[PDB]
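Here the Cβ positions follow ideal geometry from the backbone for every residue, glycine too, while neighbour counts run over all protein chains shown. Laboratory data are not the source of any read-out in this text; all were calculated from the coordinates shown.
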Amino acid sequence: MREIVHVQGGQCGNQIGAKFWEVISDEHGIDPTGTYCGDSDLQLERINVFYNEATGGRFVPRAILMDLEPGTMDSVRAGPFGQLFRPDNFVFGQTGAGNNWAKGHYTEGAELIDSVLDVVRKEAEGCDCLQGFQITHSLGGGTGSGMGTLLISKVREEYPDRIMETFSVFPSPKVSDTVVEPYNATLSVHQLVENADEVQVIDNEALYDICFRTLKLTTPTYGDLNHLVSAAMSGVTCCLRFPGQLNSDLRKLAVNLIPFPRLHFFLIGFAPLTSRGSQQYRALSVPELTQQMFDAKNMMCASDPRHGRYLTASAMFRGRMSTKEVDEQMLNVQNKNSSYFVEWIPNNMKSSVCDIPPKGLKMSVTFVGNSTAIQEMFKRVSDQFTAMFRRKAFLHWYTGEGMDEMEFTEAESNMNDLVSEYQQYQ
Amino acid sequence: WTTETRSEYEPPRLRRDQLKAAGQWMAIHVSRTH
Amino acid sequence: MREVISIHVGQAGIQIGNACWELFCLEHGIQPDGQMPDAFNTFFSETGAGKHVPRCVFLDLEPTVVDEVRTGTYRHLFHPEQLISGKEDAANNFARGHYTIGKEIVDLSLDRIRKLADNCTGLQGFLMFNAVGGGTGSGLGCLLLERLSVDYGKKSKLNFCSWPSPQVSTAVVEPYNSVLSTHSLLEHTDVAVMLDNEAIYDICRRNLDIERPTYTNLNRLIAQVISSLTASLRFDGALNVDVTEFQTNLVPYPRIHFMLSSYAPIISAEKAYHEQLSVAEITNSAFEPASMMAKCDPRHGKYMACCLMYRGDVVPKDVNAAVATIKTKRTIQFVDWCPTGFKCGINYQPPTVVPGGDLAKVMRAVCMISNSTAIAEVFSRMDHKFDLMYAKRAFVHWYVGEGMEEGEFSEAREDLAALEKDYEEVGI
Amino acid sequence: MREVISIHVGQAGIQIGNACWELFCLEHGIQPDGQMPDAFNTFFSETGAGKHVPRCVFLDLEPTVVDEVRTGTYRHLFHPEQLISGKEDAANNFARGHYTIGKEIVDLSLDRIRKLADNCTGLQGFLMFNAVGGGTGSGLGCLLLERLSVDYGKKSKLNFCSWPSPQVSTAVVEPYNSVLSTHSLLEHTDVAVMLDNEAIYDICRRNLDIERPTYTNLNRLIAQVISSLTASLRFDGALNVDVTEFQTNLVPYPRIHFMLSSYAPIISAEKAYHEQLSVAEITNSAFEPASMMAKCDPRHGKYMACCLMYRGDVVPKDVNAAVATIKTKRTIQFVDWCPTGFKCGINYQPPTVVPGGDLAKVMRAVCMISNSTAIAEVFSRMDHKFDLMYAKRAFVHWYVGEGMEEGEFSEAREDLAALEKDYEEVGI
Amino acid sequence: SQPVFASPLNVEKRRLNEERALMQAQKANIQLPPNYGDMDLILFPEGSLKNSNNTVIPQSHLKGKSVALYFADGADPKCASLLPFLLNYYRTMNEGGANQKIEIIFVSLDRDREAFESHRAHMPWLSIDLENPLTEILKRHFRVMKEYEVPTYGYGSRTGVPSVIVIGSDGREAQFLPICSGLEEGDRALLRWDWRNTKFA
Ligand SMILES: Nc1nc2c(ncn2[C@@H]2O[C@H](COP(=O)(O)OP(=O)(O)OP(=O)(O)O)[C@@H](O)[C@H]2O)c(=O)[nH]1
Ligand SMILES: Nc1nc2c(ncn2[C@@H]2O[C@H](COP(=O)(O)OP(=O)(O)OP(=O)(O)O)[C@@H](O)[C@H]2O)c(=O)[nH]1
Ligand SMILES: Nc1nc2c(ncn2[C@@H]2O[C@H](COP(=O)(O)OP(=O)(O)O)[C@@H](O)[C@H]2O)c(=O)[nH]1
Ligand SMILES: [Mg+2]
Ligand SMILES: [Mg+2]
């Protein structure tokens, strides 16, 4: 079938990466010791989309782990569901690349990138049926931004016909440990526009705000923040794993959503969202998940969509349901929010059904959507970028390893381009 | 989990038994009337 | 010796053929294993001893729906080679299912067309099922219709197209697949029946009185349309028809071959007590403007031809008095150059009932295939929808980079435009 | 009486006749001891106490497969002296099989062939399998064919040969060895049947859906070709084609004797019940170019003669209708000087299926041995391989210090060009 | 002797049949020892086959069927991955028809009764209990070993577990379905099962 290659990069990227492999292993009924559990045909007929079979029958991951620390590599190895990952795909690099785009992209990260393209190669040319890549990384740091986008670039000239799909973690302005987010992220967006075609924006502001409000959480640990991300990750690729009535795809998502090819930045929702207090107490039906997917906070990015206009959206549903109820729910939500959709794109709503519900639920939906409110965060972190760039804030750590100041203004000019294109399509 | 085609496109004799267990079954009149 | 070949392309065609072959297998008494415990000669070849393989081919560029049929209960019914799985679905793109990934599938699917049509001479037609806005529904269907035109010259092609909805689209590239398919559907198919989706959702809502219908209930009603369409080839009747004269009785001009579809009665079993179903009222319910399966209001459409097929116990002249009353009733208006406007075929066998379906057992049924000038509204709304988004080059770079040339959209516009101007040239 | 003496030279020859002498034992009821629990004399001889030993010789210069037969499941069915093995492999060298080590094995080979001649009356032929890419098969293949043609030159010297495939092969010196077989498969061979592994692979992976097949799965397919070709010699019935009518309606010229095999009801278990399995389609599949058992497209050529050996429950009326539509189809062409260029071999014996193989219980089979001018192309790739090899003295010194004389390499290239000269002038 | 001469099932078959031959000759120009086609046995005794909830099914319900032995393990990832596909083939094929055509009899490589029952809880076809010696006799008869630990009689292991083998009336193997074999078609080898020739009579 369609092989999907998962690569996770960075301290942030490996933590969502491990949590994503809790979720899809629960969906496909796989033990942490690797063997399959149960008699569940509908979760095993499409096992090759994310898994490979391997000598003794262990469903080995197609997962590639890169991070230039001996940091979260051995914490996810010693943790639960960590004995799945191959003890070959772990590429460490024991020097550290702390909070620097230089130590991931140009220097240091460039010597270990020559071995992680090897692991991408021998995993992918085994079967020449690759539908896409799945990259997870944060742009507000070192290894995740630098070496993360460094693998992003070199994978695209070797397979220049297939999807790469980034569940990126953007700066998240308010809650921001360390001080070099405006330099690192702005000097990383201009590759996520050129050699990218499917970008998924994820902030820790709206991830915390989903926790504090739709779940009401008091001590939201980093484990269950990633559980919200991994649920949405498993829902956006549900059709590559389960049969359905209106079958979606990652390429069906890509062709249908993005306009002119630099507009590929998407909010993400996953909204059967309740607490455990009001967990028995909800009529879980199609007309009310549509009310929950289309109200601000439930979007995982901290850019408020009511200040903009959805150019094209998608409503990739998962569960037992009847189809004219999703069709009339898309039409009436376009009718009441007519100012929130675009006049030169009729019917700004993709729909699909993955049939098999998520584990535990009975219906769910993944709302990925292009918004012209997305430049709200782009101007936010470019404002932080120019406020530091005027006075020449901490830069000798960057240029000391070798980069030009002219390269930084190319990053700001290319990113200020993205602010203008969204504006003129708004 | 039982996907739609499996759950409804099963053979007619099995669906026959399953729904027999759940309750399957100018004007003109007959020659009597005048 | 009648022998019709069903070709299903696209994900819509595959599961609309699951119910189409659902109705055909339980009509003839053919079990899912293929055995019975010569009326079947038009849809089934008798293989070996006692088993009946369908005269079907299933095509999709994704495996996810077609190996679902292989792994389901209709495994041993079908010959395992015409089940065609691709490698990657075209993904809502006309250019990919036609140019790049559509080439590795047409050379082998038409190879089975070789081996399935070479059995007996006198092929009856091509019942092709597809979606219009789907990627492989429009692209792969176009490649088969072009290469069946060059391989078979004068053979009939009964195309059933699930047209885009007026309101629903479930895609934004839906005009880009609908407009560029009618480029390559006018000069290739012979009898093209247009179908909607929420028109039949409305049928399930009002006639069937079911709260939550879905696509598997769509395909049951459409299966009854195909069964009542080809009931003459399977079974005897008072006025037998044949699909080699449906084109000679429905379409006057070679370029206009677009028809509506209707069925009657659609009654739930719990409301079937309150009426005695007669021929003099199922014809009126068929002609009622909220009963068609395209959602095109026929009050502004001059009718040009009709094809009413009757099933079951029906006397031939309460048909004739039903057509007498609808000549004289004003709300359906006939065009002045076509004084007679009906063909009324009659078959003895009543329509069968699927177990677990919502259709009540009925002694008589009508299916109307009507050619009218109402289709001008169906194509003028897609006329407004396509160029409003093609105003500023939206989504064109996917098609251009996949094999289209910029300007193929342009010339596919003026021949869709020449399609509407012939309609009001008839209406005057 | 009637009999065919089988000579198996080379590792390919031993393993093709390995499956051959398994099928020949299964079809007669010859148990793997010689005891049954007169249509057997062509392949077996009585031995007084109910024992049937094959009329065979297994020749191989290496003691690695013959001694494996001597410690297998058929030890007490072969004659111990009929399995003649050397001590040192020819080891992919035509120089060993013809100049150095083919002298202590060839005198014993003609000794056992001599004893196999004067115990049977009516010696029909010398059906031989060899391994022309490979030292023992080609080298001893040349010496056996020359020495048999100086003391027995009169009888048939029909030969099946495993020519290398154009892309896939398992050596580097086989372009040398194959052109050095040309002066034994031209002026000594009466009937040459071209084979290669890759086309046989394609047959068993497209038609039997064995995606990853092995060597023994090719040997059973060949063994069915041998049994169906020599099916007239044993089983009675309709029009009978022996090994004298073979090379008189098929071989046009004294040196134009290269043909191809197309046994093609090749269906495993789950495509057989689903199909007709009729006379009309087995001919269409046998004439299909992708079902050619050696890799050679007949469209890039021109047929001179074809002999379709039908077997099973076929009747002559379906045979004459099936060959009639081969004339009508314009894809398949014949020379202008052979208007009637077809032979039929209708025999009344269903083919035998090995219990545990990859075939079904097929009721009707056909294998057609066809001479076409397209078989110049399996030597045209051979021209290109030898030209780049011999241009600057490739693996040559292994021949030079082993009995080979220079200039023999050049005249083999000129003989191969002389064959292509005849095959390009005959198609005019 | 089929498929292997040196089997415990084969030698008990041989001793019983030839003992009946000796007694018949003593009671009576009789071929001694008897011929293999004339050799007859009852392969599953009366208390062998049990379906779900442990009711006894005799051999008389396997007539006119296509029956197959399934050797499996509870902890084997191969067996766990192959089990839903065999449930799927079983349910769709058996219920697609007026009568049901195939039958599976399960034999085990589980360590204990708990693993046996935990693996049994998903299986609706017939089964042989671990403590019955027949699950070892058929094991040595069909050459199926997880590892080389039986003192084997010059065999090789015909396959590793899981295995489906269709069985004839007198213990002969009708055709091998190659999951882990020379063809290695994992989970697609169940398609190769034909059911017209291997009628258990
Ligand atoms: N009537 C009916 N229409 C269907 C059904 N399934 C899909 N469709 C229609 O098909 C359209 C989308 O095309 P699909 O058939 O789903 O997709 P496809 O033909 O495989 O081509 P791709 O979109 O590239 O996958 C939807 O807008 C539906 O209107 C069905 O079961 N019944
Ligand atoms: N079709 C088929 N081809 C075979 C078989 N065995 C060997 N071959 C072919 O034989 C070629 C190699 O030559 P061999 O037959 O193995 O060697 P040989 O004839 O003993 O001569 P030496 O090379 O000296 O050992 C390979 O390229 C195969 O194509 C077989 O069983 N079936
Ligand atoms: N959502 C989420 N954010 C994280 C996680 N780990 C780190 N972060 C954020 O990422 C920033 C640190 O970047 P980091 O991943 O350590 O950089 P790297 O190690 O060089 O890739 C912090 O500001 C955190 O807010 C995580 O598991 N989930
Ligand atoms: Mg579809
Ligand atoms: Mg040898």
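Diffusion coefficient of the protein assembly as shown by Stokes-Einstein, Kirkwood radius over Cα pairs, 4 °C, 1.567 mPa s: 35 µm²/s. Each other residue within a Cβ distance under 14 Å of A:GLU108 adds +1 if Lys or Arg and -1 if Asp or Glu, for a net charge of -4. Sorted ascending by nearby beta carbons within 10 Å, beginning with the fewest, C:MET363, A:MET299, D:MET363, E:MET39 become C:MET363, D:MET363, E:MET39, A:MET299.
If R0 is 22 Å, the Cβ-Cβ spacing of C:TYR152 and D:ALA280 corresponds to a FRET efficiency of close to 0.70. Modelled spin labels at E:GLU149 and D:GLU211, positioned 7 Å past Cα toward Cβ, are 3.3 nm from each other.
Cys residues of chain A that find no other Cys beta carbon under 4.7 Å: A:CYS12, A:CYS37, A:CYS127, A:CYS129, A:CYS211, A:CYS239, A:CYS301. Electrostatic tally near D:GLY401: other residues with Cβ closer than 15 Å to its Cβ, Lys and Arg +1, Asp and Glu -1, net -2.
Quick note on chain D: its Rg to Rh ratio, both from C-alpha atoms and Rh being the Kirkwood radius, is 0.95.
Tally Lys/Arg at +1 and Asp/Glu at -1 over every other residue whose Cβ is under 11 Å from the Cβ of A:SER371; what's the total? Net charge in that neighbourhood comes out at 0. Radius of gyration (Cα atoms) of chain A, expressed as a multiple of 2.2 N^0.38 Å: 0.95.
Ranked by the mean number of other Cβ atoms within 10 Å of their residues, highest first, the peptides C:105-111, A:322-328, D:16-22 fall in the order D:16-22, A:322-328, C:105-111. Restricting the GluC sites (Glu not before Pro) of the range E:111-142 to loop positions (DSSP other than H, G, I, E, B) with no more than 12 neighbouring Cβ atoms within 10 Å leaves E:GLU131. Comparing Cα centroids, the range A:136-153 and the range C:181-241 end up 53 angstrom apart.
When each of A:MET300, C:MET292, A:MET66 is scored by the number of other beta-carbon atoms lying within 10 Å, the sequence from fewest to most is A:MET300, C:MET292, A:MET66.
Restriction of the trypsin sites (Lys or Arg not before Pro) in the range D:371-428 to DSSP coil positions whose beta-carbon has at most 16 other beta-carbons within 10 angstrom yields D:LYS392, D:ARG393. In plain terms, the C-alpha convex hull of the range C:343-397 casts an average shadow of 8.1 nm² when viewed from every direction.
Taking the centroid of alpha carbons for each part, the range C:264-330 and the range A:44-116 are 67 Å apart. For D:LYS317, the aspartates and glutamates whose Cα comes closer than 15 Å to its Cα, not counting residues fewer than 8 places off in the same chain, are D:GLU281.
Here is the result for the range D:185-244: no trypsin sites (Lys or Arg not before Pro) lie in DSSP coil with at most 11 other C-beta atoms within 10 angstrom of their C-beta. Straight-line cross-link reach from E:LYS139 at under 19 Å between alpha-carbon atoms covers these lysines, not counting any fewer than eight positions away in the same chain: E:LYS13, E:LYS50, E:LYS78. Under 5 Å from the amide H of A:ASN99 lie the amide H atoms of A:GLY142, A:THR143, each residue being 5 or more positions distant or on a separate chain, with H modelled from the backbone and absent for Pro and chain starts. Site pair A:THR386 and D:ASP111 shows an inter-label distance of 10.2 nm when each label is modelled 7 Å from Cα along Cα→Cβ. Each part reduced to its alpha carbon centroid, the range A:325-358 and the range A:193-260 end up 18 Å apart. For A:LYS19, which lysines qualify as cross-link partners when the Cα separation must be under 22 Å and same-chain residues fewer than eight apart are set aside? Once the sequence-local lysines are set aside, what remains near A:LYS19 is A:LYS216, A:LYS359, A:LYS362. Placing a label point 7 Å from the Cα of C:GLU414 along the Cα-to-Cβ line, the residues of the range C:378-394 whose backbone N sits under 19 Å from it are C:383-384, C:386-388, C:390-391. Modelled spin labels at D:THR100 and A:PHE92, positioned 7 Å past Cα toward Cβ, are 5.6 nm from each other.
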